[PDB]
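The block underneath contains the structure these notes are about, expressed in structure tokens.
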Protein chains: 2
Amino acid sequence: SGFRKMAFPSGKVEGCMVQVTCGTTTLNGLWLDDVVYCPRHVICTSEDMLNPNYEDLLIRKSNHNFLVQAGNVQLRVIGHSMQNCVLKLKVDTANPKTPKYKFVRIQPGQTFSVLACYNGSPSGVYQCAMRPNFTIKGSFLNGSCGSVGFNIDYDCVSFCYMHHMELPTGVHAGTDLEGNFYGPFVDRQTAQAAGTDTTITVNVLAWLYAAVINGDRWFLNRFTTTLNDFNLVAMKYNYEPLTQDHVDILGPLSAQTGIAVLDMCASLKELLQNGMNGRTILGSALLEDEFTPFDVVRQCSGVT
Amino acid sequence: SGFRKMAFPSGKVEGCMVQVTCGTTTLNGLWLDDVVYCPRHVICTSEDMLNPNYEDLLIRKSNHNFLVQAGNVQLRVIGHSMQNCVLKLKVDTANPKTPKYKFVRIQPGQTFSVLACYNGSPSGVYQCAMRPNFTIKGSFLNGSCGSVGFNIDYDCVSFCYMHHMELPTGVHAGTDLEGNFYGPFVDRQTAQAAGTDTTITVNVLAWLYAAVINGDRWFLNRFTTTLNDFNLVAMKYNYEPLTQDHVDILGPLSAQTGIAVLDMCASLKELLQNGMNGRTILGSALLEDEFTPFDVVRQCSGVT
Ligand SMILES: O=C(c1cc(=O)[nH]c2ccccc12)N1CCN(c2cccc(Cl)c2)C(=O)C1
Ligand SMILES: O=C(c1cc(=O)[nH]c2ccccc12)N1CCN(c2cccc(Cl)c2)C(=O)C1
């Protein structure tokens, strides 16, 4: 029992973190095989960031201007190229610690772990979700760029995120490992609007299922509702619409607890309409939406 | 910016996790040098746990009855001994992945990361605190015993906790790496009372400092208070008494924000007396007490 915001063990990713310096800018790189991946804004000076022309800035850079250091050892850069918003620096040495890996572009509402890094050294690991507005509520300071988000399936690391930016509002923006930003964000120091941050309904419900499994059942009522009735309430409270796919995905949680998905929907409807009345659910005084049904199942079954 | 419950990177500890089987019981072990540390209740059958006599149960066990498996390789057990509530199994091979390490007994209110494991394989990592009642609010399932809690100082892992038990209330009890339980708990399947779980006041204040640093400043008022006036309010709300040592420890946070510790105390006093009024602080609708002043400083400075 117990429910915590749990991250994947970071060992496989720690073995991939390197430092990338270009000019006066230092950030993190991801070394997999003989390629180091990093945000392309490593080639920018703080003056360039207002309106960078990355192709022109990159023309002035050669392989020897990219300093890549793995631990205390310097890697030799034999090639460099830009793929969307990431640079791929080909090095002469394959990372001996390269785990089995994939690059995946995740959907909003999906969760992943971040290994926050500074100067190629890992400082911490935390779990977060890709928000419906394509931002992440991370914890990143100066030099954290290049830090990655990932999931692990037994021994295969699916890298899904690379940190690039912090918006004026303190939320974070980044790309997948092919350099495509999640959202409408661009790697420019300009006024960028995040958009409405809605609540991931299927995740709140999965967390209500974990709460029931964990003995916290005060919020369960004698009511049911329909997908349409529920979604009328969900829209008013800036919650994502619940679809039949979400209901299907909650099936194992519904089967384990014996609580039909629509019955749990009615409990959530009353929690939204009446608030928590000073009470807590799983030690929280608000509805948590950064646990997918896969995360709840995993944390309540023991998958290593 | 951003504030998250951040754990230490778990790589150094993942390299130490092994599986320990004795009879029909399998749990996790910590392999450091040529010794595997594990809960002594690995020698108990589910019938023995009502009132085990560990010395007598241990007499019936020989080195060959302890199956230790590191990955898919079996380790040879050449010695076994009991130290308080832990078994120390001497193996013929030193762990090649042994990091620099120490064994430390932590104080209540101190935080640490847990690498939750099952069958010697790491499944997740999360951050928690040793509660003032010497329990931990973990997330552990069947087979999680032997999972460890640690802190990292650059390259030195200080192991502080080994998981042993789940109380009937769902909170967790365990020992330091010398086998001494934190609290009055005993490794027996018996009715054990946890005690009053008070709030770690110095940690709530450190988190209020992180909130101010992170732009969440609504709760700051025009008032101050005294250590004695504050503690009168703290006692009523089951908060730990704040001492001059706690005030000293908050010094760097007070210096960085320009807010005197007693002024922050008055803000917390009003938050306790009036509640949050439906508002949030760092994305939470309750006062968080599992971030020490060292954690807040570390997460707001970038220590790797
Ligand atoms: O290192 C950071 C940084 C990242 C972060 O998440 N939090 C911080 C908090 C305090 C100070 C700095 C940071 N930078 C430099 C690059 N950078 C940027 C600026 C413009 C465009 C692009 Cl793609 C990137 C940033 O956003 C800011
Ligand atoms: O593996 C677990 C377990 C640990 C846990 O933290 N959560 C669980 C949730 C569901 C089912 C089992 C568990 N056990 C076996 C040993 N055990 C025990 C019993 C008596 C004494 C001693 Cl020292 C230990 C337990 O408390 C329970």
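Please note that chains go A, B, ... in the order of the structure tokens, that every chain numbers its residues from 1, and that ligands are numbered from 1 in the order shown.
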
Residues of chain A at most 9 Å from chain B: nearest atom pair and distance in Å, only C-alpha atoms, as a Markdown table:
| residue | atom | partner | partner_atom | distance |
| --- | --- | --- | --- | --- |
| A:1 | CA | B:170 | CA | 5.7 |
| A:2 | CA | B:139 | CA | 4.2 |
| A:3 | CA | B:139 | CA | 5.2 |
| A:4 | CA | B:139 | CA | 6.0 |
| A:5 | CA | B:126 | CA | 6.7 |
| A:6 | CA | B:126 | CA | 5.1 |
| A:7 | CA | B:125 | CA | 5.2 |
| A:8 | CA | B:124 | CA | 4.7 |
| A:9 | CA | B:124 | CA | 5.2 |
| A:10 | CA | B:10 | CA | 5.6 |
| A:11 | CA | B:11 | CA | 3.7 |
| A:12 | CA | B:11 | CA | 7.4 |
| A:13 | CA | B:11 | CA | 8.7 |
| A:14 | CA | B:11 | CA | 6.9 |
| A:15 | CA | B:11 | CA | 8.4 |
| A:115 | CA | B:9 | CA | 7.3 |
| A:116 | CA | B:304 | CA | 9.0 |
| A:117 | CA | B:304 | CA | 7.1 |
| A:118 | CA | B:304 | CA | 6.5 |
| A:119 | CA | B:304 | CA | 8.5 |
| A:121 | CA | B:304 | CA | 5.9 |
| A:122 | CA | B:304 | CA | 5.8 |
| A:123 | CA | B:304 | CA | 4.0 |
| A:124 | CA | B:8 | CA | 4.7 |
| A:125 | CA | B:7 | CA | 5.2 |
| A:126 | CA | B:6 | CA | 5.1 |
| A:127 | CA | B:6 | CA | 8.3 |
| A:128 | CA | B:4 | CA | 8.9 |
| A:137 | CA | B:2 | CA | 6.7 |
| A:138 | CA | B:2 | CA | 5.6 |
| A:139 | CA | B:2 | CA | 4.2 |
| A:140 | CA | B:1 | CA | 5.7 |
| A:141 | CA | B:1 | CA | 6.0 |
| A:142 | CA | B:302 | CA | 8.0 |
| A:143 | CA | B:302 | CA | 8.7 |
| A:144 | CA | B:302 | CA | 8.7 |
| A:166 | CA | B:1 | CA | 7.9 |
| A:170 | CA | B:1 | CA | 5.7 |
| A:171 | CA | B:2 | CA | 7.2 |
| A:172 | CA | B:2 | CA | 8.8 |
| A:214 | CA | B:170 | CA | 8.2 |
| A:215 | CA | B:170 | CA | 8.9 |
| A:275 | CA | B:278 | CA | 8.9 |
| A:278 | CA | B:275 | CA | 8.9 |
| A:280 | CA | B:286 | CA | 8.9 |
| A:283 | CA | B:286 | CA | 9.0 |
| A:284 | CA | B:286 | CA | 7.1 |
| A:285 | CA | B:285 | CA | 5.1 |
| A:286 | CA | B:285 | CA | 5.9 |
| A:299 | CA | B:139 | CA | 7.9 |
| A:300 | CA | B:141 | CA | 7.4 |
| A:301 | CA | B:141 | CA | 7.6 |
| A:302 | CA | B:141 | CA | 6.6 |
| A:303 | CA | B:123 | CA | 6.3 |
| A:304 | CA | B:123 | CA | 4.0 |

Strand (DSSP E) call set, DSSP backbone run, region 104-265 of chain A, as JSON, numbers by chain: {"A": [111, 112, 113, 114, 115, 116, 117, 118, 121, 122, 123, 124, 125, 126, 127, 128, 129, 148, 149, 150, 151, 152, 153, 156, 157, 158, 159, 160, 161, 162, 163, 164, 165, 166, 172, 173, 174, 175]}

Take the selection from the previous step and output its residues with C-alpha atoms, as a PDB file, in the first residue's frame.
ATOM      1  CA  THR A 111       3.601  10.658 -18.046  1.00  0.00           C
ATOM      2  CA  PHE A 112       7.392  10.222 -17.992  1.00  0.00           C
ATOM      3  CA  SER A 113      10.404  10.634 -15.728  1.00  0.00           C
ATOM      4  CA  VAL A 114      12.910  13.471 -16.013  1.00  0.00           C
ATOM      5  CA  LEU A 115      16.556  13.138 -15.078  1.00  0.00           C
ATOM      6  CA  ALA A 116      17.360  16.817 -14.337  1.00  0.00           C
ATOM      7  CA  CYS A 117      21.021  17.416 -15.186  1.00  0.00           C
ATOM      8  CA  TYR A 118      23.593  20.262 -14.955  1.00  0.00           C
ATOM      9  CA  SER A 121      25.857  15.412 -14.287  1.00  0.00           C
ATOM     10  CA  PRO A 122      22.507  14.105 -13.028  1.00  0.00           C
ATOM     11  CA  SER A 123      21.112  15.963 -10.022  1.00  0.00           C
ATOM     12  CA  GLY A 124      17.640  14.496  -9.583  1.00  0.00           C
ATOM     13  CA  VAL A 125      14.793  12.481 -10.946  1.00  0.00           C
ATOM     14  CA  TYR A 126      11.079  13.266 -10.891  1.00  0.00           C
ATOM     15  CA  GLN A 127       7.867  12.210 -12.545  1.00  0.00           C
ATOM     16  CA  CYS A 128       5.743  14.545 -14.619  1.00  0.00           C
ATOM     17  CA  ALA A 129       3.144  14.585 -17.405  1.00  0.00           C
ATOM     18  CA  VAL A 148      15.661  14.238 -20.909  1.00  0.00           C
ATOM     19  CA  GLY A 149      12.312  12.663 -20.195  1.00  0.00           C
ATOM     20  CA  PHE A 150      11.884   8.936 -20.630  1.00  0.00           C
ATOM     21  CA  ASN A 151       9.882   5.809 -19.868  1.00  0.00           C
ATOM     22  CA  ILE A 152      11.320   2.296 -19.331  1.00  0.00           C
ATOM     23  CA  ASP A 153       9.755  -0.994 -20.509  1.00  0.00           C
ATOM     24  CA  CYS A 156      14.197  -0.531 -23.172  1.00  0.00           C
ATOM     25  CA  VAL A 157      14.382   3.243 -22.524  1.00  0.00           C
ATOM     26  CA  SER A 158      11.890   5.221 -24.617  1.00  0.00           C
ATOM     27  CA  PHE A 159      13.204   8.749 -24.693  1.00  0.00           C
ATOM     28  CA  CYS A 160      10.292  11.114 -25.212  1.00  0.00           C
ATOM     29  CA  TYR A 161      11.432  14.582 -24.152  1.00  0.00           C
ATOM     30  CA  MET A 162      14.441  16.897 -24.249  1.00  0.00           C
ATOM     31  CA  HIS A 163      14.316  20.094 -22.217  1.00  0.00           C
ATOM     32  CA  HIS A 164      14.836  23.311 -24.160  1.00  0.00           C
ATOM     33  CA  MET A 165      13.048  26.217 -22.550  1.00  0.00           C
ATOM     34  CA  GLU A 166      11.330  27.894 -19.619  1.00  0.00           C
ATOM     35  CA  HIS A 172       8.663  24.250 -19.396  1.00  0.00           C
ATOM     36  CA  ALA A 173       8.786  23.561 -23.132  1.00  0.00           C
ATOM     37  CA  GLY A 174      10.813  21.018 -25.054  1.00  0.00           C
ATOM     38  CA  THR A 175      11.064  18.641 -27.953  1.00  0.00           C
TER      39      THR A 175
END

Nearest residue to ligand 1 from the set B:30, B:186, B:16, B:213 (distances using only C-alpha atoms and all ligand atoms): B:213

Expected answer as a PyMOL selection string: alpha helix (DSSP H) residues in region 164-253 of chain B: chain B and resi 201-213+227-236+244-249+251-253

Suppose we keep N, CA and C atoms; can you now write the selection as a CSV table (one decimal), in the first residue's frame?
chain,number,residue,atom,x,y,z
B,201,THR,N,7.6,21.2,11.0
B,201,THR,CA,7.5,22.6,10.9
B,201,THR,C,8.6,23.3,10.1
B,202,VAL,N,9.9,23.0,10.4
B,202,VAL,CA,11.0,23.5,9.7
B,202,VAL,C,11.0,23.2,8.2
B,203,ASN,N,10.4,22.0,7.8
B,203,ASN,CA,10.2,21.6,6.4
B,203,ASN,C,9.1,22.4,5.7
B,204,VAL,N,8.0,22.6,6.4
B,204,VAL,CA,6.9,23.4,5.8
B,204,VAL,C,7.4,24.8,5.5
B,205,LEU,N,8.2,25.4,6.4
B,205,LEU,CA,8.8,26.7,6.3
B,205,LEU,C,9.8,26.8,5.1
B,206,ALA,N,10.6,25.7,5.0
B,206,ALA,CA,11.5,25.7,3.9
B,206,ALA,C,10.8,25.6,2.5
B,207,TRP,N,9.7,24.9,2.5
B,207,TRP,CA,8.8,24.8,1.3
B,207,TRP,C,8.1,26.2,1.1
B,208,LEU,N,7.7,26.9,2.1
B,208,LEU,CA,7.2,28.3,1.9
B,208,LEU,C,8.3,29.2,1.3
B,209,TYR,N,9.5,29.0,1.7
B,209,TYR,CA,10.6,29.8,1.2
B,209,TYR,C,10.8,29.4,-0.3
B,210,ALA,N,10.7,28.1,-0.7
B,210,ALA,CA,10.8,27.7,-2.1
B,210,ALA,C,9.6,28.3,-2.9
B,211,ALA,N,8.4,28.3,-2.3
B,211,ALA,CA,7.2,28.9,-3.0
B,211,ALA,C,7.5,30.4,-3.2
B,212,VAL,N,8.0,31.1,-2.3
B,212,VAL,CA,8.3,32.5,-2.5
B,212,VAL,C,9.3,32.7,-3.6
B,213,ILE,N,10.4,31.9,-3.6
B,213,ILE,CA,11.5,31.9,-4.6
B,213,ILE,C,10.9,31.7,-6.0
B,227,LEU,N,9.0,33.1,18.4
B,227,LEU,CA,9.1,31.6,18.5
B,227,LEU,C,8.1,31.0,19.4
B,228,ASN,N,7.9,31.6,20.6
B,228,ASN,CA,6.9,31.2,21.6
B,228,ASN,C,5.4,31.4,21.1
B,229,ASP,N,5.1,32.5,20.5
B,229,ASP,CA,3.8,32.7,20.0
B,229,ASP,C,3.4,31.7,18.9
B,230,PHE,N,4.4,31.6,17.9
B,230,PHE,CA,4.3,30.6,16.9
B,230,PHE,C,4.0,29.2,17.4
B,231,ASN,N,4.9,28.7,18.3
B,231,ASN,CA,4.8,27.4,18.9
B,231,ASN,C,3.5,27.1,19.6
B,232,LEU,N,2.8,28.1,20.1
B,232,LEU,CA,1.5,28.0,20.7
B,232,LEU,C,0.5,27.5,19.7
B,233,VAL,N,0.6,28.1,18.5
B,233,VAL,CA,-0.2,27.8,17.3
B,233,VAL,C,0.2,26.5,16.7
B,234,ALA,N,1.5,26.2,16.6
B,234,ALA,CA,2.1,25.0,16.1
B,234,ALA,C,1.6,23.8,16.9
B,235,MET,N,1.6,23.9,18.3
B,235,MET,CA,1.2,22.8,19.1
B,235,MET,C,-0.3,22.4,18.9
B,236,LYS,N,-1.2,23.4,18.7
B,236,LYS,CA,-2.6,23.2,18.5
B,236,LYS,C,-2.8,22.5,17.2
B,244,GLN,N,15.6,27.4,17.9
B,244,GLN,CA,16.5,28.3,17.3
B,244,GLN,C,17.4,27.6,16.3
B,245,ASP,N,17.7,26.3,16.4
B,245,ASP,CA,18.4,25.5,15.5
B,245,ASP,C,17.7,25.5,14.1
B,246,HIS,N,16.4,25.3,14.1
B,246,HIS,CA,15.6,25.3,12.9
B,246,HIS,C,15.7,26.7,12.2
B,247,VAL,N,15.5,27.8,13.0
B,247,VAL,CA,15.6,29.2,12.6
B,247,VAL,C,17.0,29.4,11.9
B,248,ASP,N,18.1,28.9,12.5
B,248,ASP,CA,19.5,29.0,12.0
B,248,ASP,C,19.6,28.3,10.7
B,249,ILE,N,19.0,27.1,10.6
B,249,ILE,CA,19.0,26.2,9.4
B,249,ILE,C,18.3,26.9,8.2
B,251,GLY,N,18.3,30.1,7.7
B,251,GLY,CA,19.1,31.3,7.5
B,251,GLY,C,19.4,31.6,6.0
B,252,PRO,N,20.0,30.6,5.3
B,252,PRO,CA,20.2,30.8,3.8
B,252,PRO,C,19.0,31.1,3.0
B,253,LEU,N,17.8,30.5,3.4
B,253,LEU,CA,16.6,30.7,2.7
B,253,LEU,C,16.0,32.1,3.0

Selection near region 219-226 of chain B, 10 Å with only C-alpha atoms, sequence-local residues under 6 positions removed, as a list in words: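 Contacts, with the query itself left out: residues 208, 211, 212, 232, 259, 260, 261, 262, 263, 264, 265, 266, 267, 268, 269, 270, 271, 276, 279, 280 and 281 of chain B.
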
Nearby residues (only C-alpha atoms) at most 9 Å from residue 42 (chain B), same-chain spacing under 2 positions excluded, as an MDAnalysis selection string: chainID B and resid 20:27 38:40 44:45 87 145

Minimum-distance residue to ligand 1, chosen among A:58, A:282, A:177, A:43 (using only C-alpha atoms and all ligand atoms): A:43

Polymer residues at most 6 Å from residue 108 (chain B), only C-alpha atoms, same-chain spacing of 4 or more positions, as an NGL selection string: :B and (130-132)

A:291, A:66, A:239, A:54 ranked by distance to ligand 1, top pick (using only C-alpha atoms and all ligand atoms):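 Answer, going by the shortest atom-to-atom distance: A:54.
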
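Using only C-alpha atoms and all ligand atoms, the shortest contact distance between ligand 2 and any of B:48, B:240, B:216, B:92 is found at B:48.
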
Nearest candidate to ligand 2 (options B:41, B:61, B:88, B:76; using only C-alpha atoms and all ligand atoms):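 Looking at the shortest contact to ligand 2, the residue is B:41.
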
Separation of atom 20 (C, counted along the ligand's line) of ligand 1 from CA of residue 81 (chain A), in Å and rounded to one decimal: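 Separating atom 20 (C, counted along the ligand's line) of ligand 1 from CA of residue 81 (chain A) is a distance of 19.9 Å.
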
Surrounding residues of residue 180 (chain A) excluding itself and chain neighbours under 2 positions, 9 Å, only C-alpha atoms, as a ChimeraX atom specification: /A:83-86,105,174-178,182-183

Near-residue 35 (chain A) list (6 Å; only C-alpha atoms; drop same-chain fewer than 4 positions) as a list in words: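 Result of the neighbour search: residues 31, 89, 90 and 91 of chain A.
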
Atom 4 (C, counted along the ligand's line) of ligand 2 to CA of residue 62 (chain B), straight-line distance in Å: 25.3 Å

Straight-line distance linking CA of residue 195 (chain B) with CA of residue 241 (chain B), stated in Å to one decimal: 16.9 Å

Nearest residue to ligand 1 from the set A:257, A:65, A:238, A:135 (distances using only C-alpha atoms and all ligand atoms):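 Of A:257, A:65, A:238, A:135, the one nearest ligand 1, counting only C-alpha atoms and all ligand atoms, is A:135.
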